[PDB]
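Read off the chains here:
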Amino acid sequence: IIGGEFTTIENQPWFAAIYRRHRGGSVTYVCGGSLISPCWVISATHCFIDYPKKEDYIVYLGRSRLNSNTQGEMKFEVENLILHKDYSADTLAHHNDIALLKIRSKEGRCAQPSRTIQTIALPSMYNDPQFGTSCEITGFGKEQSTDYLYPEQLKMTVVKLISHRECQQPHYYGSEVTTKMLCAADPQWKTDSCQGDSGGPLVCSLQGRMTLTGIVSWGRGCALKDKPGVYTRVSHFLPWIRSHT
Amino acid sequence: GXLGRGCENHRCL
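Listed as the method for this PDB entry is X-ray crystallography; the listed resolution is 1.75 Å.

The next thing to look at is the packing of aromatic side chains. Taken as a whole, this structure holds 8 aromatic pairs over all chains when the rule is applied. One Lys or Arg, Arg63 of chain A, reaches over the ring of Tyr60 of chain A and ends 3.9 Å from the middle of that ring. Above the plane of the ring of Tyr51 of chain A lies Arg11 of chain B, whose end atom (NZ or CZ) is 5.0 Å from the centre.

What follows deals with the interface of chain A and chain B. Listed by partner, the interface residues are 28 residues for chain A and 10 residues for chain B. Between chain A and chain B, a total of about 1300 Å² is buried, with carbon and sulfur atoms accounting for 40% of that surface. Contact with chain B buries area across many residues of chain A, yet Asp50, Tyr51 and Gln195 of chain A alone supply 45% of it, more than any other trio. Our enumeration of links across chain A and chain B arrives at 2 salt bridges. Linking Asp50 of chain A and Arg11 of chain B is a salt bridge whose minimum nitrogen-to-oxygen distance equals 3.7 Å. At the level of elements, β3 (27-37) and β14 (209-218) of chain A are the ones that each hand at least two residues to the side of chain A that touches chain B. If one sorts the elements of the side of chain A that touches chain B by residue count, β14 of chain A sits on top with 3 residues. Looking at side-chain class alone, the side of chain A that touches chain B contains 13 nonpolar, 10 polar and 5 charged residues.

A word on the pairing of strand β5 (residues 57-61) of chain A. Residues and elements named next belong to chain A. In terms of burial, β5 is largely enclosed, as 5 of its 5 residues are buried. The alternating pattern of β5 places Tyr57, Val59 and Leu61 on one face and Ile58 and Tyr60 on the opposite face, and all of these are buried. Relative to strand β6 (residues 74-83), β5 is paired through 4 bridges, and the arrangement is antiparallel. Bridged to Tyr60 within β6 is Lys75.

Rules used throughout
- Residues numbered from 1 in each chain as written, not as in the entry; some residues may be left out.
- Chains lettered and ligands numbered in written order.
- Heavy atoms only, no water.
- Residues with missing side-chain atoms left out of burial classes, pairs and counts.
- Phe/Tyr/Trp six-rings, centres within 6.5 Å; stacked < 30°, edge-to-face > 60°.
- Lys NZ or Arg CZ within 6 Å of the ring centre and 35° of its normal.
- Contact = heavy atoms within 4.5 Å.
- Buried area = accessible area lost by both parts, 1.4 Å probe.
- Salt bridge = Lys/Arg side-chain N within 4 Å of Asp/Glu carboxyl O.
- Helix = DSSP H or I, 4+ residues; strand = E, 2+ residues; numbered from the N terminus.
- Nonpolar A, V, L, I, M, F, W, Y, C, P; charged D, E, K, R; others polar.
- Buried < 20%, exposed > 50% of the residue type's maximum accessible area, 1.4 Å probe, protein only.
- Pairing = 2+ DSSP bridges.

Okay, here's the thing in structure tokens:
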């Protein structure tokens, strides 16, 4: 997250931190995710496509810091890693960029709700907030271009939804952005998601309820003028989510 | 190869 604020997991209790264990035994942070039901985390296929071996991943819930323990945190393995069969990647754009992780503790248990672990609501079919709506993004991604390590503390920011018409302008993304994607940015280009925030939530109030509207997917640079963050439009993928869970 | 959102955990990052 470029700009924004440091946060804590109690303020983002659906947030899942996804890591990968490497040959040799080191663990690195991969991407964010969102808990949509006790056994299911939703994320982005691009986070896993190059290393689609589920045994290598570790999922934490209730965790506020990248390399320190948070009281109440729960660690999970991935019982089932479901990537979208029609996923593809262009120079900038990622398509059908959505993934499901069925999570399981070593005891076989799913998430147990607490102060720091909660599910996030899915939207209804075809129902997104109007453009101009302020929404929140959360993650452990880069804070500036020169970062070579991800920040130790979880961050959040607030961005505004941008219409498809605006996002497809020639100096934005042209026809590279589709109606299965949502754009969002800071009107002054001062805050944005960035590398490492992928897979994490774009959360909006929709009929007074916190709703998973998007999944961080792609964008040129970070907080770059006329280059919005692009998010998988969760409301278009409900049939896929329903059939695969 | 590629940098930024979309490129995490890739060999071409």
